[PDB]
Amino acid sequence: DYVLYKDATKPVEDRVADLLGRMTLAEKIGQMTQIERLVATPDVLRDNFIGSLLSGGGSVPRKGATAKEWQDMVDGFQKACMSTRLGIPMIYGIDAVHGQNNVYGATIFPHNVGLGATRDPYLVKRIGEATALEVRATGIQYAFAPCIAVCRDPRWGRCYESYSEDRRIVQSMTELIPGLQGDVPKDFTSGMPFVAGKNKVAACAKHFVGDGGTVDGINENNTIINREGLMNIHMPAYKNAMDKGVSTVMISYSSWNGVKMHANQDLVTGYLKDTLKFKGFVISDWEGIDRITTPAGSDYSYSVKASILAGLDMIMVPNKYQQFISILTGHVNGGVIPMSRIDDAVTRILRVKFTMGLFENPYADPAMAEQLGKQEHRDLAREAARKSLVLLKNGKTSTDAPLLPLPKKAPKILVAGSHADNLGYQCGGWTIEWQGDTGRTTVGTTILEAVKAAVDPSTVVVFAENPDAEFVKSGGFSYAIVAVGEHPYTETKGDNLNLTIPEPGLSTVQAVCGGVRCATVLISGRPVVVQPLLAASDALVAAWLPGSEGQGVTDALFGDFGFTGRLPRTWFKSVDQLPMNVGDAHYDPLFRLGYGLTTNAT
Ligand SMILES: *[C@@H]1O[C@H](CO)[C@@H](O[C@@H]2O[C@H](CO)[C@@H](O[C@@H]3O[C@H](CO[C@H]4O[C@H](CO)[C@@H](O)[C@H](O)[C@@H]4O[C@@H]4O[C@H](CO)[C@@H](O)[C@H](O)[C@H]4NC(C)=O)[C@@H](O)[C@H](O)[C@@H]3O)[C@H](O)[C@H]2NC(C)=O)[C@H](O[C@H]2O[C@@H](C)[C@@H](O)[C@@H](O)[C@@H]2O)[C@H]1NC(C)=O
Ligand SMILES: *[C@@H]1O[C@H](CO)[C@@H](O[C@@H]2O[C@H](CO)[C@@H](O[C@@H]3O[C@H](CO)[C@@H](O)[C@H](O)[C@@H]3O)[C@H](O)[C@H]2NC(C)=O)[C@H](O)[C@H]1NC(C)=O
Ligand SMILES: *[C@@H]1O[C@H](CO)[C@@H](O)[C@H](O)[C@H]1NC(C)=O
Ligand SMILES: *[C@H]1O[C@H](CO)[C@@H](O)[C@H](O)[C@H]1F
């Protein structure tokens, strides 16, 4: 007879109910499982009724794969899932946090902290639009973004994934969501999930909640603060995500007053679902439930019980799916977890899939392949990079002539530094590899390349990664552009207590600047000790992690556009002042939040 859930002209809620009512326990728990592509097989997917797959940092078909290669991979997995008794399409997720960054050739946009310095939510929205297209260009339909954490301690290795230390700024940047999913209708109810269609992707507000508030910025640690600050600082942005229809929400590895988020039923179910009225689905983080216990995974049985009863709907296993499914099944069979919990979880996952049209368009669109790395997207990225630059100094003294903008026509100029010609460094974490990488790992333009592409034909451009003082003094340079900074990092590998840039760095700047007037470009994912660098430089620009379009940097250095970016964080004088955020008690910043020198286009 007629099958309601397969009828596209029917309301989403009716389709969810109809399908849910035909599912076996195995099929229900299957929808709740998300596995890594590395352990997926047509059989595994079909036999276990897997509801979702993901690609972790660096998890790719093969180095340098094309958009078609990705599309074929995703489609392959989808066909297996479509072959099940109910034919429920799987939703493939990935970390497209500053472009479709795992993919070779994808446009790499500036990381969040930089986007916060632009104070342009519309720009960010546009970035989200370009990003969805490039993700769909690879056949993926779900992006684990935006990370709306409010980093309150720069020592956190994920601070660069935070728009600001000021919730107000982070709230405004939730505009990435409508960019990724598309704008919600005017009638729209806050809390409901939404995705315009096959040319958009499901978004993910992460990490619920207070991930940007761990002590000493220690990742995945404990966030000690009253519900007053929790709700005043780290919660706001989520309410905005609810109003903009964010499809999913990922839970943080961190704890709140000693309680693991992945086990906090009060927050996940009591607040996020019951209070905020979130209707989409709640997903876990990579082995998030394993880490509920300590040692991690030392009681997976407990992990499944706590997490599921806490309110999570989909678990990012992402490897031992057999163990996960076996255990969750046992708990249900034993009454430890009620069918209502399972039904609710499956209701939310299906709601999201139906809403985004997954049942209508389960497969990738070849026509979308060209979206990957499309020049327009790169131009957009270029604009964002330019706008994210924060000029901190532009002259050694009040009477010095401002060094920036530099002249495009000069007899001979020096470009130097470890970061002057290193595309990987310039992109930072979450680029090709999980931890990011060094060198030419994808398509883009380094600062050196951008310089050469900007100067007048007559301007001789010399490159020296680490020239000594004499080399500079004898080179007859008119000026020099020196780029230095942090190395790529992600999550815990990024935790840093001293926050000083690696060498050679300061030394190169001092050597170069000692010999000729210099413009130092600082590449970092957060504010770092900068008095020494400042002392030696004539002009110093905070470029954060620009992305693949380095010309965004030269667009400002040479005056095609004036600097407009403003510090989205507090620049400290010393690390032992930390934490220290705007509105604090002893606020004694080297540069207060909102600071930024300007220039006008020549
Ligand atoms: C402040 O505290 C942080 C850590 O909390 C410290 O930086 C970390 O230092 C760790 C060791 O002390 C280091 O861990 C080791 O890493 C070795 C390999 O490290 C290279 O490769 C990784 C990526 O694979 C990069 O992230 C590293 O930065 C490093 O990269 C090379 O760095 C050199 C020097 O600038 C450069 O010339 C190379 O071109 C560059 N190559 C690459 C890959 O790009 C590994 O073999 C060890 O087993 C061990 O795991 C950890 O990676 C690093 N954290 C990061 C992400 O930077 C700060 O500074 C230290 O930096 C290291 C590199 C070294 O210079 C130390 O002398 C510095 O103290 C701390 N600052 C201070 C003042 O203590
Ligand atoms: C926040 O981070 C701190 C680390 O600074 C966590 O505390 C630390 O916990 C680890 C283990 O959980 C302890 O290390 C050692 O682990 C081995 C494991 O085999 C064990 O054999 C040793 O006896 C020892 O426990 C470490 O001592 C401890 N350090 C601190 C800070 O006291 C803390 O648990 C984290 N908070 C949360 C819940 O996120
Ligand atoms: C120069 O830049 C400032 C701020 O960046 C701006 O307010 C001002 O209008 C600009 N001047 C001109 C003439 O465009
Ligand atoms: C855990 O893993 C997921 C998927 O790779 C990331 O999106 C989270 O930020 C990380 F904490």
Side-chain angles (χ1 to χ4, degrees), residues 110-118 154 159-160 385-396 403-404 406 414-429 436 438 446-448 450-451 465-466 479-489 494 496 498-513 517-547 550 552-557 563-575 589-591 593 595-597 599:
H111 268 303
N112 286 357
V113 56
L115 295 184
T118 69
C159 203
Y160 71 78
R386 179 250 302 177
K387 302 191 175 187
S388 69
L389 309 176
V390 176
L391 186 59
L392 295 181
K393 179 178 178 183
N394 194 33
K396 287 182 171 183
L403 176 63
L404 305 183
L406 298 167
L414 176 64
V415 174
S418 55
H419 295 55
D421 183 51
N422 190 322
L423 190 54
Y425 282 5
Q426 178 188 309
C427 295
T438 180
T446 61
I447 288 174
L448 172 57
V451 170
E465 191 172 325
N466 240 282
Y479 59 74
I481 291 171
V482 184
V484 293
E486 293 187 298
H487 289 172
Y489 59 73
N496 195 316
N498 63 71
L499 254 45
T500 72
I501 70 168
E503 289 301 300
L506 177 59
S507 60
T508 306
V509 168
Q510 303 180 315
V512 178
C513 300
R517 56 184 202 171
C518 69
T520 293
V521 177
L522 181 61
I523 297 298
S524 71
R526 54 190 159 186
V528 291
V529 175
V530 73
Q531 290 93 325
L533 282 168
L534 237 41
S537 310
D538 290 292
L540 182 148
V541 175
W544 313 112
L545 304 168
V553 176
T554 47
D555 285 336
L557 285 185
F563 291 79
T564 54
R566 283 173 273 129
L567 289 185
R569 295 197 65 70
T570 292
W571 207 294
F572 52 76
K573 297 180 188 178
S574 176
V575 292
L590 177 65
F591 289 114
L593 176 156
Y595 175 98
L597 301 180
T599 61

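Note that these values count all heavy atoms, side chains included, but never hydrogens, waters or copies made by symmetry. Numbering of residues begins at 1 and proceeds along the displayed sequence.
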For a 4.5 angstrom cut-off between non-hydrogen side-chain atoms, does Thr446 reach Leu423?
yes
Within the distance-only criterion (no hydrogens, no angle test), does the side chain of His419 pair as donor or acceptor with the backbone N or O of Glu486 below 3.5 angstrom?
yes
Write down the atom of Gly424, the atom of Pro488, and the distance for their closest heavy-atom approach.
O-CG, 3.7 Å
Tell me, do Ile523 and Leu545 make a side-chain contact under 4.5 Å, heavy atoms counted?
yes
Contacts of type ring pair (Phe, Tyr, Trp, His ring centres under 6.0 Å), residue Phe563, not counting sequence neighbours
none
Less than 4.5 Å apart, side chain to side chain, heavy atoms only: is that true for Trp544 and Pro110?
no
Specify whether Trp571 and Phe591 have parallel, tilted or perpendicular ring planes, treating 30° as the upper limit for parallel and 60° as the lower limit for perpendicular.
perpendicular
Looking at side-chain heavy atoms only, is the closest gap between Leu392 and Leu522 below 4.5 Å?
no
State, to 0.1 Å, how close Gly596 and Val390 come at their nearest heavy-atom pair, and which atoms those are.
CA-CG1, 4.1 Å
Indicate yes or no: at least one non-hydrogen side-chain atom of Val528 is less than 4.5 angstrom from one of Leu533.
no
Just verifying a value: how many Å separate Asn496 CG and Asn498 CG, rounded to the nearest 0.5 Å?
4.0 Å
Exercise: identify the closest heavy-atom pair between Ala385 and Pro546
CB-O, 3.9 Å
Close side-chain approach of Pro568 to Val113, heavy-atom, < 4.5 Å
yes
